[PDB]
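One chain is shown next in structure tokens, namely the form deposited in one PDB entry.
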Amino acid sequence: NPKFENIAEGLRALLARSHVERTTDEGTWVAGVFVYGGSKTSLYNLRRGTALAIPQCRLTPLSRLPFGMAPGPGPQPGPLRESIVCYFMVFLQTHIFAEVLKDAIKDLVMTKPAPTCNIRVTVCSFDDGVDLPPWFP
């Protein structure tokens, strides 16, 4: 139940502003939504909420982002150094639904208190798709 379900319905309502295909005949994972920032807890609930709102997506677990640039060129962190900023990924079978989900998430968090309103999202596109392992039950 909530916070997950309330986030779930929140998104469902926004996703409904658009009429767009969520799936393709190909079945390939060519689109995605990269969601990061806020706090671990705020990302956690948004994630769970997203799973309930969109059965046709696939989600990474939570994980942590590396650092970015300086300035002061002295020096940059290793490419391996990890911040405390968390993220997760949404795989989608269409680009257009991925925009709708981006907007949905951006519109939904901007009405929330911190840290949830500090959550950032962008569409990502995968040149060759991502071949998620098939499920055989």
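Residue numbers run from 1 along the displayed sequence.
Below, we refer to the form deposited with a small molecule bound, which is not included among the displayed structures.
Only one segment in the set 25 to 33, 95 to 103, 65 to 73, 41 to 49 has residues whose heavy atoms sit within 4.5 Å of the small molecule in the bound PDB entry; it is 41 to 49. Remark: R58 does not count among the residues lining the small molecule in the bound PDB entry, judged by a heavy atom distance of 4.5 Å or less. Heavy atoms of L108 reach within 4.5 Å of the small molecule in the bound PDB entry, making it an interface residue.
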